[PDB]
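Presented as structure tokens, the chain that follows is alone, the form deposited in one PDB entry.
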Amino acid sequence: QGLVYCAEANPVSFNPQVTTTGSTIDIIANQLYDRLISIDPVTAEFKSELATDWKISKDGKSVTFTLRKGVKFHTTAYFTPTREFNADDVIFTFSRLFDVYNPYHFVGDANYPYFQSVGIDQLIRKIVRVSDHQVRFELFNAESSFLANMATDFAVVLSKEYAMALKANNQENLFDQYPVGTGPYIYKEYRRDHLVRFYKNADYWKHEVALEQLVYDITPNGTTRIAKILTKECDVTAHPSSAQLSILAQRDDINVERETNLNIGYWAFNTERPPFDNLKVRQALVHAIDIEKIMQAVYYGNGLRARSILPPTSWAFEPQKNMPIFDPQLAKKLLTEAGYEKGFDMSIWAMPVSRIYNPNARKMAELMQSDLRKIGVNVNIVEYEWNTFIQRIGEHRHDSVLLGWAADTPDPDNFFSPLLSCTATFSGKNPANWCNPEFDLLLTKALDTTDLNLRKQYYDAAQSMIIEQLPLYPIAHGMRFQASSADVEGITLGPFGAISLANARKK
């Protein structure tokens, strides 16, 4: 038997290294690949994946991974391995991110958005082959988030042999399109904007894989995904429309999981674009927004109002005393002092698809447009296809944007570096377009130490800084939902990271 998953977007690649977009990661990361290590969703301890063991040196500058033996790369229509997984695959995979001499470093777009945002090339000096099944990472400095970064869905292990065979024929451009991994499923077919089809990996190292066939039905329209699960054309539906949760709840043969999750939905200002570079304007705009109306009409009472950019479940969470409160009069008063008592036009870019942190950006934008009109700010709503949308926000084309972040790890840095740091801005991320070295300094110091208390102190000051300067306005944290036919079991919906179907089964 097989399983049909209704995906909300086309995958932008079959290599997790080149995107941070959940829509893509959900499809490819846990299905085709494995990592060196993962993070236990309950205890937050690192768990063995392709690494059986790891040790950090005294000074935190060397990390040694012992590797699993007997691990096979996929046999696909286009590739048949000659050897089992080893240290060379690790050294190739990760050096491709930071080493300009790696022959794939510049392949495709030459962009690795997560890794560049956390400044990977200022972190890894080199990777040493101590033996066939052991490698040592040498770092320029200790970073307390390093293992957490090696546990992200982006840190998959690629095939050096495949990479090299394609290079010998000048077909490096196929590497990221026709993937080879060690994961539970294998690439069979992809039809742009229609479907992707994976097959069971009969050689999977970790366990026997239950499903023979995995199909992703690319279906951007939220109501259509509801429709498809109701008619049983799909067995699993990504990100169900909150307006249709009640309908799904009433169907006996449909299960809907609802889980707490580390995420933030926010309204980011393009801080390099006047007038949004003016702090008074940013303050004015936020006080104009009826957030409680939003908690009700958008999140349907299922979200938690944001008290900080960090979700209350983050270990560094600290509620901010000066969170802006809804006050149109105060909003009007600031707008004037900012020099805009006749207001101005502005765009609010809205996502076309439901996300954990914002189930309906369009509706939220419309509510905001209505609120803002009341103080003379004329909003036009901008919206594009999901992947196009992410790309243009990455180019900072917008005045302001409704976006957010679903955390890939429970390490608080995962909210800060990829979101608000200088390097993030220079790597096509950071919707606020905010480069503040004094803020970046706090994040560096939080990483110079492993001491939780010391880290939290810096994250406390980082949190306060975001509220004072308002590069973005934290709005809410959402629940993670997923709908599936009652015939489906073994699906993992955790508090961070992408979906996995590795243990999925029917009946």
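Numbers for residues come from their place in the sequence shown, where the first is 1. In this text, rigid core is short for the largest set of C-alphas that superpose within 1.5 Å between two forms.
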On mean Cα temperature factor in this entry, is 33-41 or 53-61 the higher one?
53-61
Pick between 125-133 and 379-387: the one whose mean CA B-factor in the entry is higher.
125-133
Per the PDB entry, maximal CA B factor within 235, 395, 84, 318:
84
The largest CA temperature factor among 203, 399, 411, 259 is found at 203
So where's residue 23 on the chain's Cα temperature factor ranking, which third?
lowest
Comparing residue 404 with the other modelled residues of its chain, is its CA B-factor in the lowest, middle or highest third?
lowest
Cα B factor band for residue 492 (lowest, middle or highest third within the chain):
highest
Ordered by C-alpha B-factor within the chain, which third holds residue 480? Give me lowest, middle or highest, please.
lowest
Sorting by Cα B-factor within the chain, modelled residues only, which third would residue 151 end up in: lowest, middle or highest?
middle
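Below: the form deposited in another entry, not depicted.
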Out of 134, 144, 369, 76, the residue that alone shifts its CA by 2 Å or more between the shown form and the other one when the rigid core is the reference
369
Quick one: with a 3 Å or larger change, is the residue 27 to residue 403 CA distance smaller or larger in that other deposited form? Answer closer or farther.
farther
I want to verify one pair: residue 315 and residue 501. Are their C-alpha atoms nearer or more distant in that other deposited form compared with the form I supplied, knowing the change is 3 Å or more?
closer
